[PDB]
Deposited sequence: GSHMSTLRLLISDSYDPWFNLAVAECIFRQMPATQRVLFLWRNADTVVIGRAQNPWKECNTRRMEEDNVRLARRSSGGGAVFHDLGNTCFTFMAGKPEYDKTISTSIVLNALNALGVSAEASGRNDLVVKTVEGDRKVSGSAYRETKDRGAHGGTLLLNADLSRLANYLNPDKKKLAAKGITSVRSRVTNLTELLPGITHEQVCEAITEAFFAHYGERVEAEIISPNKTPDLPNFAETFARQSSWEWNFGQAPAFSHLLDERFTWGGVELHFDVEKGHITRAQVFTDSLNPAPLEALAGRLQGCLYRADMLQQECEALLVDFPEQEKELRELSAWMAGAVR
């Protein structure tokens, strides 16, 4: 058919995320996919974040919370079973982010809630007490496809993210509602059905649900390998950075932490972390700092030898250099 419907029966965040990843990069862009899942207690971090800084790893071990690193940039989110997650994927040029949005909107209204889009990534429900945000989401796009992933708040414990994150000095000095409040009784199963029907209605087509779990791996290419990597401690946590120097700042487009050693006046190793949505140029910068003379003018030279390779991140990259120029010497 033209449709693939995947329902996870597993609360394993590394399995669920593994599926979202295969859908986006492993699957062919021939079909249209809806994946619905939920996670047990998990902190999800952007791919370039330092969880040893971002997260209270000790409290996470105690209270039994998993850490998962996603392949996209950005900052950290907390998930419990009170979150219902979705991902839509469709090949281009026929796909756009309005389609998935309209489907979730459809399901929410069908469920009994007066919902509409607020800006790009948010869905809000209209209330006499005002707009309530019930859903966050993110969009990822390719030459051949677009993907829309997000979470709905059914009965999430909203006081939990604080327990599992460390205070970020420079970030601080730089509404949200559960559906069970509006629909007492709402459940994961009901939301999944409603989104599924709205999915089928829009496309004018019906497929059977492919129920998937680790006990029973899904019909996806290179999944075994993707799952093995996603659930690996080396990927999610990785070794903590142990460097002598640290340059850090909080910009409007993300925090940056530049760790490095200096020996004989030159950088002998470096590592960058960020919650930026586009870490790639920061990664490239770290690569170019290897062996660099530890001097302001020099840090700029390497940081502007990339501007040509990262046109879309021009502004940022120069908030960067102008920062290294005043932060070093």
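Of the deposited sequence, the ranges 1-4, 179-186 have no C-alpha coordinates according to the record.
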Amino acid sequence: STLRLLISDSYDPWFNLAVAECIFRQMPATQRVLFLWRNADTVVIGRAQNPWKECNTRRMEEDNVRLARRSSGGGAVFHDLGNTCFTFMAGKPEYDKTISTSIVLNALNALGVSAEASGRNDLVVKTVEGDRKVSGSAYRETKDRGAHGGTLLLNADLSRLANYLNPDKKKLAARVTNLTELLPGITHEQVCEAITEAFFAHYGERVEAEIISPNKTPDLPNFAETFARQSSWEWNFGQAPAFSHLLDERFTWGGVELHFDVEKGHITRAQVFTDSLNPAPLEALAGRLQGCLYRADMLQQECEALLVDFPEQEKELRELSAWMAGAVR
From here on, numbers count along this sequence of modelled residues.
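Between the stretches 160-168 and 227-235, it is 160-168 that shows the larger average CA temperature factor. A summary of the deposited B-factors shows that, of 265-273 and 298-306, the stretch with the larger mean C-alpha value is 298-306. The residue among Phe88, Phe78, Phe199, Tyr95 whose C-alpha carries the highest B-factor in the deposited model is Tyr95. Residues shown: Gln290, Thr42, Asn50, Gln31. Highest C-alpha temperature factor in the entry: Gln31. Split the chain's modelled residues into thirds by C-alpha temperature factor. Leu5 is in the middle one.
Sorting the modelled residues of the chain by their CA temperature factor places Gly119 in the highest third. Ranked within its chain, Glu21 lands in the middle third, by CA B factor from the PDB record. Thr142 sits in the highest third of its chain by CA B factor, as recorded in the PDB entry.
Annotation for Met27: CA B-factor lies in the highest third of the chain's modelled residues.
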